[PDB]
Structure formats: C-alpha cells, structure tokens
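Here are two versions of the same chain, shown separately as structure tokens and labelled structure 1 and structure 2.
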Structure 1
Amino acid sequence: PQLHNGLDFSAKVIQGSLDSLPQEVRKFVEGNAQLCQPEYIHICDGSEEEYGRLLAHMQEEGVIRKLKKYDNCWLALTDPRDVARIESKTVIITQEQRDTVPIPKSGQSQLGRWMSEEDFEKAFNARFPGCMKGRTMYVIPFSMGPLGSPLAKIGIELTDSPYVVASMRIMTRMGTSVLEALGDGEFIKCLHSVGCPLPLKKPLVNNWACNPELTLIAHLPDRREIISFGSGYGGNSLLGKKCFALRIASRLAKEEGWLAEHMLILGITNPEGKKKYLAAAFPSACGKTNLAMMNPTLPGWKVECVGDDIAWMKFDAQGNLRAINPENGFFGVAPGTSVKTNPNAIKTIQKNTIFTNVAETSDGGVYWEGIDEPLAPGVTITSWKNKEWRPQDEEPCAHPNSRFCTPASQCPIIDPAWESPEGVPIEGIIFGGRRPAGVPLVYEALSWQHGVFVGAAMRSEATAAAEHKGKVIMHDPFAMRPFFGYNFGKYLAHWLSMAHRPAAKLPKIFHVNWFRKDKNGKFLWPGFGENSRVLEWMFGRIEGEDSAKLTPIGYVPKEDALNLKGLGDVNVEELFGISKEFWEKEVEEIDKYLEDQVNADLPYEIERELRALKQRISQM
C-alpha cells in the first residue's frame, strides 16, 4: 500500500511488469528503486530483440563502437581508472571476523578483507542513495549453471549500466526463462551501480561512467547479497562471476557439502578412445584459458573445453567428483592471444563478442600485444586510449587487462557435455602458477592430504590481474586468495574432509609449472599445445601406469616417461631438477606463511604434511 505515489514504480517500468515478478523479486527491485531513484526500470527478458536495441542504444550514446570487420562484435573503452578488478576494495561482511578470515598471528590477513556490518552500513548509505538518478535500472535475472541443474543457482542483478547487461547476457543464462524457473525460490541479491547519478558532477572519461574514489565491492553471505559500487569493469560489475560464483558460492558450498573453485574444466581423449575430465586451478594470467582450449600437438589426442575459470563440484551418489562450469561464456585476457598460442580462442571471438580496451584497426578489427598477426598495408591502429598508436611508442595499444567477452557455445572445441546438468566426472586436479625457479615441470601428490597441502602452498609471481605490480612471488593457495568466501583454515578442513566421504573416488592431484626459467631468463618449457605431453603423463598416472619416480616433493615422471619426441633440445635436467637448497627455503616460507596467515585454524593434517615435507627434504 501507500498514502501517496512514492513507492509504486510501475509507471517507470519501460519493459516488463513488476506484477509478473515473484514476490521477493519485486520487493528487491522496488526497495532499491526507492533507494537508488532510477529514472526508468527495465526488466530484462534476455531476448535477441532486447540485446540488439541495447547495443544500438550504447552505440548511440558513444559507449561502444561496432567492429565492422567482424560479425556482431563491439568495442568498449573504459575510464583508465576503472580497468580491472580491485582487490583492496573487495570486502566480506560477517558479524564475526573469524568467519571470513583466520585471525593472523602477527600481521595483516592476505586471505580476505573483512568489514563489520556497522562499517558497511556507513559505507553503503554514503554511496547508494540516489546513485541511479536519471539512469535506467536494469533487472537481470540470471542462472549460474544450466537451468534446472542440481548445482545451478539463480541471481538477480540490479544495475544502471547497459554494458553490464550485455556482458551478463554472454557470461550467464539471462532472461525471462530464469524468472519462470526461479518461481518463489531463493535467489542471490546483486546490486550494482557505477555511482554517477545525473546530472554529472565529474566529466566522464571515454563515456565510461565510474566512481573510483567510492569504489567498493561488498559480499554479505548471511544475507545472500552482493553490493558493488563505483566500477563498471569485469569482476566488479559482472556480479555472477567472482562475487557470486566464487566468494558467495564457496561459502554456500561449505554449508552444503560441495566446492566452488577457481578452476578450468577440460575433457581429454587419448588415442585409445578413453576420455577423462581434469580440473586445473591457476592464478589469473597463468594459463587456464590456454590450457582449457589447448590445441594438442600430440597426434590422436583431443582436448575439449568445459570451462576456463570457475568449477562447481560435488560428489555424486556413486562417489565421483562431478563438476559443472556455472558460466555461459569466456571473459579472457586479450593480449597474448594469437593463432599460435590459442587458435581456438581466435575462432571463438570472431563474432557476437564484446571487447574492452583492446586496440581498433582502421578496417574495423581488433589488435593487442602478442596477437602475432601482421596488418595489411595502410591499416592504422587506435589504442585503447582512443588515440593514434604506432609500434614506436612505449604505450601499449591494448591495456594489459583488456578482455574479450565471448559466448562459450561458439568455442569450436566446447565439450559436448559443457551444459550437462549432471556435470562431468573429475579424475584429476591440477595446481600451478608462475614459478621462475626451483619448481619442476610436473609432480604428483603422495596422497589426498599432501595434495591439499600442495594447493595450500601454491605460490606464483606477480602478474597483471589485480593491482599487484613488480617481480614478486606471492602466495595464492588453490588460486583462491582473492576469492575465499570464508575462513581459509575452514576451507582447508573442508577439502580434507572429502577423504572421509564413503566410497569417494578422490581424483589425483598434480602440480605443474609451465614457467620455469634457466639462468638466462629463458623458458625451459615451450608450453601451450606442448603441454599435451604433460597431460598425457597425468592421463597414464590416473590409469595406474608405473611411470612415476618418488622424490621428496612427490612423484615425478620416470626417465623417458614423458613423450619428448619432436623436441629433444629441451634441457630435461634443469627442468626437473630438485634442489635441496631451494626447497629448504620454500618450506620455510610456506611454514611462516601458514603459521601467520592461518594460525589457530590450520588443520593438523596440513601441519603434518609441512612437517613431513621438511623431513624428506632434510634427508636429501
């Protein structure tokens, strides 16, 4: 009810009907409409018609450009201040800090950013009231995972950015069919605003609405709410990806007995017609997308992509670990993507794809560093800064975090079961990162508990994913450091508890390093499609082949166990060398890290593995 006309936003709905929404969806929409005060409300139906008008609208506003060279591809150029997912502005709200992060022993926690309810209410009320003035509030009903899938979860994102709507249509299942599937069911509440109410008080750069100063990405697992303000870029605004599928989801999985992980999923078929599914957790910019879409160099081997970033996993009745990709597309880094590195990505992004902050060629194409493709005579390049760009300048023409947003269905090697609601059985889990020294090409864990320790001990050199710079080696256990939804110590115990499941078929756990370098700073391993040779060894090890040698850090391939034909010039000694001096140092850093960062919440079995690894090394 009401005594005036300030609560019924029906007159501002320009597509859809507040009446057709489930009760709790309407309250969520109208309540924030009253708080944010949008000029219009647009309930997305996910149709092609809506998508086409949205793109046309953004093209008329100067928000996106049409890439004439390709089929329905578009380029967005962001404010240079809003070009990446901001980890320092990402917080998780719980009544108790210990629910979100372990209480460090000495210093500040790297496993998460906790904020109290009281502090968040002050930050929230300082940002959102009236933040959508003069703008349209889009209502995105989206499903993470195939509709009707047992591991699928439904969310509603409210946003004032048509760029977010278009991207969410690619990255999720979005439209009217989700509302019908949701019914009166529970849903994750996602609220997003670029934080630029009209009239504008700060001139917009590149027609990119954003509020860097007030940027804040908040998670409230207890209330099932994601609240993001100030940024329109990727992980900050596509709330189903990191905020939902990893942070919120990891907490739900802990409660409900499954796993939400930062893992690609790929199926691999060998020359004998046997096919296995693998999952791999690498930190950002460490090769998940290249591995998941690999073009294998070994004849008779086939790699198929289920997903390249997020895996939701759960043991089924038979004891198999089943995984689904909850996403609907790929949001991959553009630079470095070439025909020789990731030809399957090139084939995917040639249509129905949105590019952000890559360079544009004069003939309506895209360009970026590492594309490894010559341009025709006369073709000029416009940088992501919307300026004439020559290869002689030091400015890269594409931002290092530039992106393509492409539908997964267009991947030529998309797995025929990538949308199966039952998921795919995982028989192996891979951990890895950028280690320039010490860590061999591949080793296999000695047990489940050691495997969990291997994931917890993961380290990798600073890349260009968050706001980290320089050449530093940091910890990123399970490749989840930016994404833990709850106490990491409890996360370890959750992983360890899977070994207690009856009839559980635990997958083998491997650790790979594509990035070891020699004394000259040159990669010892060619990588890319050649990684199929490493997958072949894992494949045989899962079948039980006696191809492993025992070392202090785990099992490594026997001599001549790796198919190295066609290479031969590879320095195998330095590539699999295990140095006592290096690993003595490695255990100590892991020890100091786990002791400080996990402290009282470190499971004993993890501490035992650390002690056991320290002992085996000391006997070298």
Structure 2
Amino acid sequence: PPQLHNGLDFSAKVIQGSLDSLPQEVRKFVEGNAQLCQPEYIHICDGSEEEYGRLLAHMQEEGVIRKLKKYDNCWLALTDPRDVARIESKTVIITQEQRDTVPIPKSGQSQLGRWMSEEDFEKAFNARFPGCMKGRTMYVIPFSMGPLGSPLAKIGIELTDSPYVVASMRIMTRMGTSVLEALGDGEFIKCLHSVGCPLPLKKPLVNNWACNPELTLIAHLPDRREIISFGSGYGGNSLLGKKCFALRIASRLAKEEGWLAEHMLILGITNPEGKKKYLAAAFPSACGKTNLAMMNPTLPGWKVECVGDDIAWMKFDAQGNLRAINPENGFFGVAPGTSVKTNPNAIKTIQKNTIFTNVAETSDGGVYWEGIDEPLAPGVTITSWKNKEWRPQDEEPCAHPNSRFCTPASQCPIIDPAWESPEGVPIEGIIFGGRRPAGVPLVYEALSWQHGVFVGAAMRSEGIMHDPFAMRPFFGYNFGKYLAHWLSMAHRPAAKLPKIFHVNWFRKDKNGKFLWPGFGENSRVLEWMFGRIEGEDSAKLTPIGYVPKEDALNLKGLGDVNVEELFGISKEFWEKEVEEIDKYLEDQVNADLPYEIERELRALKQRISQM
C-alpha cells in the first residue's frame, strides 16, 4: 500500500500473529480501527490454551482478577460498582427511519427498543473512539457464533482493549485461528469495543476495573453489519456475541433471510421408551429459565439434556423441520439463586475453568452467593463482591444480584450429544413462560400457529411488565414486523410448525405460597407436552387453549395437588387480562400490529365473553 511517510501500516505494533495473514477485509477493519483508536499494540488472538493461561496470569499479576484456590482453574473479577450490568438506556439501534427499528407508541417512549439517528450516532462516535485505546493492547478476536463451519453459523471479529473480554469470549464463543481459516474472504460482523479509558488515565481507576460510565454507549448498525460499544467492560455490553450479535443483529438478518433468532433455551427430552424430542423455550427474567435447560427430572425413565440455555437460531430445513442451534459456546449465568440443592447440573458445570464476576469469596478460596443453599463449615468466612468482610446478618447481599459465572458449555453434565451438530436439532415444540402469581394455569397449549404467536406477544416477565417473546430488550427491528415475520412462517409450504405452549411455574395460592413444586417436577409438564406433540387425546379445550384433562398429568408422589385451582380459569380474571393486552398492543404496537394478532385478540375476547 502507497504511503508518503509511514502512518498507514501498523505491522510494527503487532505482538502476536500477522496482519499479512489476515483476510483482506479483516485487515482493513483492524488497521482502520488501529488508526482511529491508537492502541500501543495489536494482538491477534489464536484461541490457544497457552494464550489464555498467560493472559489470565497477567490479569492476576495486575490485580484485575484473583485465582480461586479451592477449584481447578477458576477466577474472580470484582468490578467498579458503576459497571455491573448490561445497560438498556445506553443501548441503541441506528437505522435511516426510526419506525424500522421500533413502532411509534401512541404516547411516551417505546418500551420495545431505543432508536438513534445516524447523525446523532456519528457525533457520539466522534466524541468517544478517537485515541481511546492509547497505551493499551488492541486484541483481535475472530469468533464463530455456532459450531465452526455450520451452515447456520455466523462469524464476527471483535476488537477490544479488555483482556477480560478476550478470556470471556474464549469461553462464550468459538474463537481463534481456526475461525479466521474458516472465514476466508467471507462476510463477518464488525464488532468494536473499548473500555474508553485511554492511558494516561484521566480519572481514578476503581477496583482495577476500567470503564467509562458517563460515556457508555452500545450501538448496533444492522445495515452496516457493525456493533460498536464504548465504556462498559461488562457482560452484555462488552461480550459482543451474546446479545448484540446473537439477538439484535441476528434478528434483523433472520428477518432479511427467512429464519429466527430468539431468546430461547433448547433442550432434548427422552421418554421411557427412548423416544427423543427437542423443545425451545423463551422465558423472561425471574420466570424459571435457568431451572429448565438443566433440569434434573423427577419422573423415572425421563431424561433431559441441554443444547443451550439462552439463545436459539432456528431455520426450516429442506424437509420443513425447524432446525435450531445454540450459537454460544458457554454459559453466562446469573450466580445468585444457583442452588447446590436445587440446580445440581449448573453447580457441576462451574466447578472448573470458570470465570466468576462479582460473587463472594470464601476464606478457603471458594465462591459464595445468596441462594447457594450450601452451609459453610464453622470457621469459614466470607468476603463480599465489594471486597468487605461479610456476615449472613448483614444488610447488603454478599454477591451483586447480577453477578455471573462464565463457563464452558461442554462441561455441563447433561449437555446434549447434538449440542454442536452443524445441521441443528429438530424443534417440535416452543414454550413461552412467565412469573404469574394469579389467573394463569400451570400449562396451556395454543389453538393454532397464529394463536401461539399471539400468546408469545402477550407474555409478561412478572406480575405487570410486558416482555413479548422474552425479547423486549433485544428486538433488532420493529416488533410489529417481527410479529409479521413469525406469522409468515405459517405460509412456508411443508413447514412443520412446532406446537406452542405457555407455562406458569409461579402461580401462588391465597397466601403467597406456590401452588406447584416446580423444578424437577416440571418433568411432569414436559411429559404432557411430549404426548400432545405425539397427538395424544390428553387435552381439554378451554377459552384460553387446551389444558391437561382430568387425570392426564402424572401426579404420583406429589401427594395432594390442588388441580382445580392450579388449572382454574376465571372469567373475571380473563376479561381484565384481554383488556390489558388490547391496551398494551394499541399503545406500543398500534399501526404496526398484524391483522392476525388483532384477530386473535378479538377471538379470545369473544371466547371469554361466552363464559
């Protein structure tokens, strides 16, 4: 390349790999950003164990992470308290027209996304990235979302100045030299990340955790295939594959190309006859997602295995099977509530080779958090996530409520044998679910594809917040159009449309007590779904959909289960529910609401009116 000085070629700053061996477009991406961001060094990641182990020990030496002496190769990062979670208010999508990104709400701001103009984005970008990596290494992370070379996989390149992001991306994606080799001269998502703390530091570094809260901005430009993220070192903000690529960018590509990218676990369930089916399930926060993908089933002869626990990419094959892959390579799970008693499979997964963030440390070098349900031997003390002595009597929690384990998926004891099959697994049922203290039975089945898409659209995360499809924070484009996209699946000839169900593990009795044991007992609900997919006459028709019959659930060993109240459907509850859904869809979706969803709303209102 022609120059009159030497301010274009950055080969002199490469400390691992070679710019010369990068595909052309990857090199442009790296060098273009090296010019802008002004890193001291460029490290092209190879993904090797040597690379990983050395960068962990470097982070260790610098106080960025601590080694957890109780376990095999586990680490602990404690963050600046300002930078502890994915931050929705700083998360935006850039498109030429606002309406393409979010519907225009009748009043107030959209609850369904956050648009930024191209103009406002360029100003924000120019106020942040020039010189932002001064004095730091720029790491180049070539990564595959999905099994390497799968027809359903997509490749990205993440540039970052954070070793924490490199280590975590090694776990959460497939990364390294082999990905560059598979990429060749193909397309890839451009992902640019900086903690936004150029050296020399302008402000106090807190807890050895670089971040810039005031300038935090996580941007998506689907038309340019770019993700650009500044100022947070944390999770969904900095590990660009998980939410930014896997859901926001991918859902727009899926709309463009005819497939689905969804916030769903994927599981394999085997009945006592050895017959196996895969299901996908979308749950919004606090609704029981964790407990399901790694269920230890109580019913004898049943098996449950985990393909993934957070994101699903699903595309109809030539025979019309809805094929799904987990595009992730590891679990990025919320730590508190992970009970040694209640979730043995998650506990087994995280015993080695795990990076923990903002959990408590025990004096024997172990981990601790609210809801772990493991008493500590007398004498053993606890240091909180804020690096303070902590006692069970104290006011504040020992782990931050959003603290995390970041763990290799291949370590889950019930990881599914097909969790990396390149063609994906055939999905026969899709489950929606939420935390609903009242009115909503344990399980029901949608009357049709269109009814099912309406059921997804009506989901709540808890009591009162709407979280349609569990995708509220993650829509890559206009939600109305996303409903139209789901509905359009019914018109693909030969499509084998999954049965859709809605579950509620969290119905409470008169006194705020759960009416359903849940956890491994949910295997009894799964058996019902399995039989329904096989065409069994085990359902009774109600205004809201099909429910299990009189005596259809296996309740052996649960003693006295209040079936009538668990499956109770109140005309007064459902009348209010339908009015609530109508108002929500009118306000948030309005002119973008598909006809068929309006039709399902009218149908439900009419069925309830005849009660």
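By convention here, residues take numbers in order along the sequence of structure 1, the first being 1. Between two forms, the rigid core is defined as the largest C-alpha subset superposing within 1.5 Å.
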query: Rigid core superposition between structures 1 and 2: residue from 286, 442, 294, 452 with Cα shift of 2 Å or more; finding: 286
query: Rigid-core frame, C-alpha of residue 570, shift of 2 angstroms or more between structures 1 and 2; finding: yes
query: Rigid core superposed: residue 106 CA moves 2 Å or more between structures 1 and 2; finding: yes
query: Shift in Å of the C-alpha at residue 203 between structures 1 and 2 after core superposition; finding: 1.0
query: Core superposition result - C-alpha of residue 404, shift between structures 1 and 2, Å; finding: 0.3
query: Cα displacement of residue 519 between structures 1 and 2, core-superposed (Å); finding: 2.1
